[PDB]
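Below is one structure; the comments refer to it alone.
Order of writing sets the labels: A, B, C, D, E, F, G and H. Residues in every chain begin at 1.
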Amino acid sequence: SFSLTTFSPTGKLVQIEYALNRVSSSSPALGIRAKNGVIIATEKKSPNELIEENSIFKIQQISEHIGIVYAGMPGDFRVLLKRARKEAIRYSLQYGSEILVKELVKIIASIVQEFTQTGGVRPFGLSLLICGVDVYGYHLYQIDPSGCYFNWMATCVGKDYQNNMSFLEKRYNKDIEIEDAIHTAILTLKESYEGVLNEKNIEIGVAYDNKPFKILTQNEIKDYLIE
Amino acid sequence: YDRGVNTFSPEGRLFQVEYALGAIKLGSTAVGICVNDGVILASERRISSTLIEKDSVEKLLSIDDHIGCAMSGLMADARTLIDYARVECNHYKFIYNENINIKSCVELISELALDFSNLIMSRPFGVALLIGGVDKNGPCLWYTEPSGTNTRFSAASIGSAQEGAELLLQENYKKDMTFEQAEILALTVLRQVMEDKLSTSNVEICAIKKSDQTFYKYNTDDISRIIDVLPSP
Amino acid sequence: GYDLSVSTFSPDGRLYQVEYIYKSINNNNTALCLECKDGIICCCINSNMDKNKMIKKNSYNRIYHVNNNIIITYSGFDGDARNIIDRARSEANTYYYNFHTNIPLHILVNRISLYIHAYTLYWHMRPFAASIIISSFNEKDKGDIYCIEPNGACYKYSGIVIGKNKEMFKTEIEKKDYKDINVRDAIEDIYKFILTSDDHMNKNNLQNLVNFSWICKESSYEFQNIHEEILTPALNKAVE
Amino acid sequence: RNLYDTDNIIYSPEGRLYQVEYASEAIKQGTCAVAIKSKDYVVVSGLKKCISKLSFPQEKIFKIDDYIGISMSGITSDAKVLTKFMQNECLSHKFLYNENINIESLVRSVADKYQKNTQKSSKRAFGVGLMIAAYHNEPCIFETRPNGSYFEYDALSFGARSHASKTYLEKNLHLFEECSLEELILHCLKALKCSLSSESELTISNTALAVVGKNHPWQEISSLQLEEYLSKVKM
Amino acid sequence: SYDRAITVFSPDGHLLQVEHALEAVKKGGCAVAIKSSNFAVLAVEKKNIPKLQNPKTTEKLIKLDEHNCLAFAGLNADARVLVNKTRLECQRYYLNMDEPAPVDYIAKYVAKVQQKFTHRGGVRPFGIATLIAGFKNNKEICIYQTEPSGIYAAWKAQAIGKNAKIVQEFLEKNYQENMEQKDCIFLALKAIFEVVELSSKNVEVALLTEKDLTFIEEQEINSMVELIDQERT
Amino acid sequence: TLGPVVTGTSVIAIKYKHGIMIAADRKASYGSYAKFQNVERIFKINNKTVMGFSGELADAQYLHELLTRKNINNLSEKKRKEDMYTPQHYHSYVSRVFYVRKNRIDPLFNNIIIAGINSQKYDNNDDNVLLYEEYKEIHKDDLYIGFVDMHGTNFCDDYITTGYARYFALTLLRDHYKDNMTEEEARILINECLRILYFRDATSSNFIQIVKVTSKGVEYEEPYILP
Amino acid sequence: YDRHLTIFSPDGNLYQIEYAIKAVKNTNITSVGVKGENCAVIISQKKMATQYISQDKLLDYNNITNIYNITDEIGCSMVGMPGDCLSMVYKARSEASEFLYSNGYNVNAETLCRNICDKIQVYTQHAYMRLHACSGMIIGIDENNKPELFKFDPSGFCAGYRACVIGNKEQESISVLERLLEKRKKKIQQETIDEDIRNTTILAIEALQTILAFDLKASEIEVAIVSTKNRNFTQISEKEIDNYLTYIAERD
Amino acid sequence: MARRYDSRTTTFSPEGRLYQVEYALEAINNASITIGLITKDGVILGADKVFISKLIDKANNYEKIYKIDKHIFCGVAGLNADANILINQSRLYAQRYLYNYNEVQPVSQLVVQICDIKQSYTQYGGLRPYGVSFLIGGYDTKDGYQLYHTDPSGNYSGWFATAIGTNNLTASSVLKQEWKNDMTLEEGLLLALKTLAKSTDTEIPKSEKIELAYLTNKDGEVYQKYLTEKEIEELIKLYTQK
C-alpha cells in the first residue's frame, strides 16, 4: 500500500495529467445554466443498433433536484455515482432538507481527491458535471480528476472542448431563457459532432425552475430539433 | 539498493545479517574471560574530549543481578536489546522464583535479534553482545552476533580490534586459572590493543565472582591495583 | 518483461507465471487415474525417487483420500498439494457440520477450484504449483474423474495422466475401452505402460516406486489401498 | 536469472522457484549429521561446529519429547524457531489429551509450517532441514526440506560432506537386522567419520550422539560413556 | 512505503538513512550548552528576515517541564513532533511516579524514540539532534546531548548544529569548572558565533536555575556583543 | 443450552469378556411428556468406540457432530491401523470440551459416556464407515469406559452408569459385577437393571437398545423388557 | 511502467484492461444471444477454451459448458479464462442470493449485471488485484415479462444489448447480427404467439452458423431460452437443437 | 509485494532533504500569489485568482481565501485540489478545541495543529506530502492579530507581511519597503492592492483577478470579505494614491 501518484521533479502530478488526457478524449458532455434553470447535455455517438440506447444513458439523477453527467471512463462513473447517492442520502437522514449542491460537490471532491493521494489506487478517469436547484439558486459545478472543482455558467468537458468553449463564450448571456439555452446547446453539440445525425444519440437533462430534475425523453428531443 | 530484507544470497546466507557484520566491527574492543571463579569483563573508553562527563557513557551494562554484558556496533541499537533483556529477565524471575540461565537469557535476546525475518521491528540489529553470568553450572560467557548464532565462548573479544585481541587470548589463556590471573590476562590484552595510557580513565573492568554471584563493577581503586602488574612496559 | 508478477497480463494476453507453473508440474512425478467398469483405479509413478535408495519401503504416498470415498492424487510440489488437501478435508468437514451428508463430488471440486484460483489474484500470494485429480465411484452412477490445473479450470475426464511423461501415456490409455475393461485385470495393462512407456527409469524394480489404490466393488466403493498380494500376480509382466 | 530472483514468489521460466532453491543449499553448508534406523532403535550422531579454538562446540542435537528428538542443519535461528514449535506442540498434545503426539502428524504440522513461509511474499522459507528421529510404535526417521516436503528414511546425512557419508549408508543393509546397539552405534559413528575430512580435526568426544528406542527415551550418550566408542572407531 | 523496512544496511555496514539524517543536522542552527555548579546557560542561533517574521518562532529553548531546557538543531518539521512527545512523556511519568522527571530519564526517552523510528518499518528517521539541560533526582545540573542515530552522553559543554566541530574545539579548551553567573554567558556567547557573525539579533541566550528558567534579554546580550568585537579587533 | 427440554435418560456401560455392553432406553421426554419413543442415544464414533448420552438431546447431536468429524479427520490421515483414535483420546478430548465451556457458563447439559476397545490387537485396517465367526477374549484392561459430567468431572471404571441409573442400577452393579462375565451373563444383569429403572424411574421406558463393542465391530439389537 | 492495471498510460489509456480484453478473445469461443418478443435465447460453442492444456482428447464433452445459471430465473454465459469464469459465476451467484435475502424478491436481470460491474471495477481501480478476464452475457425476465440481455467486460461496462455476441468475431459479428435481426422485425405477420421456437432460437442458431462457418454439429452448442411460459432458464436438449439444424432446407 | 513499483515518498536524499517535499515546494511556486498584511486595526489577506475563462461565477465564490472559524481565515497558495482536505480538517481542530475547552482556539494553537497533520504525511505512511502551503490570520485575546505561514513540510513561521506564491520574491521585496509597523485598515488595503499589482508586473489590477478580505475585530471578529463591486472602489484610490 504505497502511493502510485508521485510528484514529478517539476512539481506536476504526472498521474493526474495522464488521467486528464483520457478525459479530454471522451464523448463531449456539456452544461449551461439559465435564469430559470440549468441544462446539461452530452453526445452519445450512435453505435450499431444492436445496443439498446435507453440503458446506457450518461445523464443520471442524484436526488430530487440534482442531476449529474460525466465525460470519461464509464466504469469509474457508476462507482462514483453510486457512492455519490449514498452521501446525498446520508445528508438527508441527518437533515430533513434535501442536500444542497454546493456541499454535495465538496463531498465528491474530497472523495475523488483521496484516490489522488492514498496508495494502491489510480485517480478517477472522468470529469463530472453536477447541476441542481437549491434555495441559494441554480448551480453547475465541474469536478476535475484532480479533485479541484469550479463553478460554471456553462462549460464543455469532453474532447474538442477547447473550441466548444469559444463557441459557448460568444453565444451565452446571463439573462437567457431555458428554451433558448437548448438551442445554444444543441448547435454547439451539433457543430462539434461529425456525421451529424443528432437524433437518438443525444441526452438532455433539465432543472425546470424548481421542478424535479427530468431527462427529456425521445419525444421531447425531436421537437427541439427545429434547428 | 533494492532487494528486501528477507532475501537469500545465491550462496545461502541472508543479505542483511551478513551486511550487519560490518557494523559490529566498530565500537569498543571489549574482552571477557571465563574462569571457574566467575567471569570478568573489561572494555575501553576513548572519551571524545574533556567535555563529556565520562560517567553517563557506559560500555558494560548489567542485565540483571547476576548477568553483565558488553557492547559493540550500533550502541543506540543495542540499548533496545539490553532494555528488552532487562524486561524478560525480570519477567522470568517473577513467574519462576529462581534467576535466569544465561543460555536462556541469551536465547531470548537472539529470538528478537532476528525477529525482523518475521518467523515488531523490520531490520536486523547491528550489535554483538558478550553476555556472561554466574547463575548455575558455573559461570558462562556467550556471544550473540547479529545472525543469531550464539556460541558459548570461554574468553572472547568483541569490537574493532577483536581480531588482534582474540589472538592474545587464544595463546595466553589456560583453563586452570585463578581470578587474580584472570584480571591481569584481560588487561594484558587491552594494553596491547589500545592507545598510550592504561589508566583508570581507559578501562571498564567489571566481574561477577562465583562467590557472591552478584554483578560488581570496579571503582577507581579496584581498577588501579590491577594495572600495576605490567609484565612488559 | 511482463512475466515477473502474476497479477500483470502479458501484452499477448497470455498470463505468464501461470504457464510457467505448467512447466513445473510437467516435470514432476507422473500421476494417472482412469475409470474402469467397476471403479476408479489411480496410479502414482514416483520416478524421481530412484536416486535415494533409502526411502522406507512404501512411505512416500501421493494417493490421498477424503471422506473415505473420494480419491485425491496430484503431481507437483509436495507442499502445495498437501495445502489443498487440508482445504479439501476442511471443505468437506464444513459441509458435514452444515448438511449431515458427505459433500457431493461435483461441488467439492469447484470449492477447491475457486481456492486454487483465488491465489492467482494478488501481488503477494504465490500461485499454487500442483495439479489435482479428484475422483469417486458410485453404484448408481458410474465413476467420474475431475482434473484441476493451476488457475482453476476444473474439467471432467474419463482417464488422465498428469506429470512429466503425460503425453504418450494418453495415446496408450485410449487403446482400449477401459470403461468396459474391469479394474481387477486393468492393473496389468497399467504395468505394461509404466515398464515401457515411462522414461526407461522403472525396470523390474518398481514394487516400491509405483503405488496405486482404487475404489471398486471389492471395497464396497470406498478408498482401499491395494494389498500387495494383488500386486504380485499383477506383476506377470514377463515380456520379451 | 538476474530478474527471477529478487522475491520468493516469481517462478523462473523453467518452473523452478529460486528463493526456496537458494535456501535449500543453506543445509548443504551445514555440518554432517547421520541418523540410522535399527529394527528397534534410532541412532543420530552429528558433528558439532567449533568456530574458534576457544569457542565451545555448538549444538547439533536437540530433544523434543520423551521419544522424539531432532537434528538441525542450516541457519541456527531458523532451526531454533522450529524446535520451540514442536516442543510447544508435543507438550500441548500431552496436555490437551494424555497420549503422545503421533510422530507422523507432528511432522506434517511442521512440514506445513515451512509452506506458510513460502506462499507469502513478506516471509522467507526456513533454511534448515531436520532429521526428526523418534520412536512411537516402530522406529522412524523423517526429513523436512526448506520447501514443504517430508519423507520417511532408513539413513541420512546433511550437507558438509554428506556425499561420502551417503556412500557408507547406501551400501549397508546390516542396520535393520542388527541388534546390539553397540554395533549399530559403531555403524553410525563410522559413517560420520567418512564425512569428516582427514588432514583435519578427527572425531573426538566433542561430536553429538544420541539414541532412542523401545524402552529408551531420547537420551544423550555421556562423555564418559561415549569415550569407549571413540576407541572402537579408530580401529 | 507503509510497514516496510526503509532504513536497511549498506554494503559497508552503515545505515544510510541515518547517515543522511546526520547531514540534515549540519544544515541547521548552532546550539550551545554550558554547565556550572547548579545553573546551565544555553545560547542558540536564530535567523530572521528583518522587519518581518516576528521573533515568535522560538525554535530552540523549548521548555519541557518546570526545570528542563531543550535547544534542538535540525528539521523544525521534526522538532515539534519530537518535543510534543517528550512534554507528554514528562507528564505520564509525573503521573505514574509522582515526582518530576529527572533529566537523565528524559534523555533516555528522547534517544529511545529517535532510535525507535530508525528501526521500525515505513517510518523516516528523525532529522533532529537535541540537547537537554536539567536536574537529576539529586539536585545536580547535567546537559544531555543527543543525535538522530539514538546515541547520547552527558556533557560539561556540548555544541551542535551547523559546523559543530569548529565551535566544539573552542569550547573544550577554555572551560572552567564552577563558573560565575555572568562568566558562563560570556563563554556561550563568545563560542556560539565563532561560526556566525557578531550580530546580537542572531544569538538568543537563556539561563536555567533550580526554578523558573530565565530568558536573557537584549540588554546584556548586546552589551556582551559590544565586548566581543573589541576582543576581535 | 439455556435449559433442557428434550432430555434423554440413563445409560449403562459395563464391560464383559468379549467387549463392552452399553445399553440405553430409546425414549426422549419433552419434560413430562413422552414426545419421542424411538430416538437413538448410543452413537458409533469409531470402529472401536461408542458414545453414550444423557441429558438434553440437542447437545448429543451437537457433540455427535464434533466427534464424528474428528473421527474422519483421523480417518484421512491414517497410514497404519495403530493411528486410530483410541477411546481414551475422545474421552480426554470430550473432557476438554466440557471443561472449556465451564470456563464460560454454557455447559451443554449432558452426562456423556465414552466407551470402547482401547487396543489394536485385532485387525480392522479397512474402514467401511459409510456402509458395512467368533468373539475374541479381551484382557479387561484394554477396555476403556469413560464418563464426563457437565462440570468436566471425568474418570474411567469397569462399569459406568449415568443419568438416573446412578442411583438404581449402580447399587446392583456394585455388588453383582464380577470381572470377565460372559455374553448372556451381562445381558441378564443389565436386564435386571433396566427392569429396575423402568419400574421406579418416571422418565424411562421399555424398548431397550443394547450395543456391544466386540473385537469384530459395533453390533446393535432392540429387546423389549418383560416385567 | 504500464505493467499496472492502474497507472494511466501517457495517452490516458489503461493498457492492462486492453490486455485483459485481448485474453478473452484469445479463447476463440463464440457466444451469441439474441432477444425477441417475450423470449431470450443464448448460445455458446461448447468447447474447452484454447489454453496451455492439450486440446480435446479424452474428456466427456457433456461437461464442457460455457453457460451457467445464476439463479433459477437468471442465466448467463461466461466466456474467458476458465478459472476466472467460474469465479464470476460464484460471485454472481452470491450477489443474486444476497439481494434476494435482503430484499425478498428475485434480483432483476440488470441489477445483477450492474452489481458485478461494480465489483469488477473495484479490481480495476486498485493495484494489487488482477482483472477477471471474463466477459459474458446475462439473460432473464424482469417483473414486466420483458426479456433482458446484458453484456459485461473485463472493464466495468454493463451496456445491455438486444442481440449481442462475445468472443473473437466482433469485427464482423457487429454486422451479421445487425442485418439478420432486422429480418424478424421486417416480417409483418404478427401471428407469432409464443412462437419463439421457430423465430428466436433458430435465429440465434443460424446467426452462429454465419459468424463461424462450421456446420454446427449438434454436440458443439447449447441453447438456453428464458422465454415466458418457462421463465426458468431451461437448457434445451440436444434432441431439439438438431431439429433446428435440419432447418437449413427452408430457412437460411 | 510489488517493491519494484514503489517510490519511497518518505525517505531522505543524499543531502538530507526529501525529494517529494522538495518537489512540492516547486509545485506551490507555480500557483498563484497570496498576500498577508497586519495593520494596527486588522489583518489583510489578498490573492490573485487563477483565470480559466469568463464563464466562472466570479461573483460569490473564490478558491483562494477560505474560512476556518469566526476569527481564523487562511489563504491557500498551492494545489487547490488537496488544500480542501486541510480546510475540512483545520476547521475541525478549531471546533474540537471549542468543544473541549469551551473557548475559541488561539491561532498559534491551530497552526501547530494543522502543520502536524501536514507533517505526519512526510514522516510515515509512504504517501505524497500535501502540495499546499497557506497563510493563516487570526485575532486573539492573548496577543492580538497574528499571521502564520506554513509549508508542505510543516515548519511554520510567524510573520508580519508575507507574499507566498509565484513571483513571491518581488512581492516580498516591495512589501519589505512600504509596510509601516502601525497602520490603518483603509490605507492598509491599498498596500495589499499595490503589492498584488507589482507582483503580476501590472500597474493596475483587473479587479476581476484579485480577491481581498480582512478581520478587523470589532469585539465580534466581524471579518468582512469583498465583492468585485466594492473592489472597484479600491482601485479608485489606487490611481489617486499611485
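Simple rule for what comes next: a contact is a pair of C-beta atoms (placed from the backbone, for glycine too) under 8 Å apart; a residue touches a chain by one contact, two chains touch by 3 or more.
Composition by chain, UniProt nomenclature: A = Proteasome subunit alpha type-2; B, E, H = Proteasome subunit alpha type; C = Proteasome subunit alpha type-3, putative; D = Proteasome subunit alpha type-1, putative; F = Proteasome subunit beta; G = Proteasome subunit alpha type-6, putative.
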Of all the other chains, whose mean CA position lies farthest from chain H?
F
With respect to inter-chain C-beta contacts, which pair, C-G or A-E, contains the greater number?
C-G
What whole-Å value do you get for the distance between chain C and chain H if each is reduced to the mean of its CA atoms?
71
Inter-chain centre distance, chain E versus chain F - centres from mean C-alpha coordinates, in Å
79
When centres are defined as mean Cα positions, the distance from chain A to chain H in whole Å is 31
Which chain H residues reach two or more other chains?
1-6, 126-127
Would you please write down the residue numbers of chain G that are in contact with two or more other chains?
3-4, 127-128
The positions of chain F in contact with two or more other chains are 79
Those chain pairs meeting the touch criterion are A-E, A-G, A-H, B-D, B-E, B-H, C-D, C-F, C-G, C-H, D-F, D-H, E-H, G-H
Which stretch or stretches of chain F touch chain D in the complex?
77, 79-80, 82-83, 86, 88-89, 92-93, 96
Per the touch rule above, chain H residues touching chain E in the complex are 1, 3, 6, 8, 10-18, 108, 112, 115-116, 119-120, 122-127, 153-155, 157-162, 172, 175-176, 179
Mind pulling up the chain G residues that touch chain C in the complex?
3-5, 15-16, 19-20, 22-26, 48, 51-54, 57-60, 63-64, 81-84, 86-87, 90, 127-131, 133
Residue numbers on chain B that touch chain D, as the complex places them:
2-4, 6-14, 107, 110-111, 114, 117-119, 143, 147-149, 151-156, 166, 169-170, 173
Of all residues in chain C, which touch chain D in the complex?
3-6, 17, 20-27, 52-56, 59-60, 77-80, 82-83, 86, 119, 123-127, 129
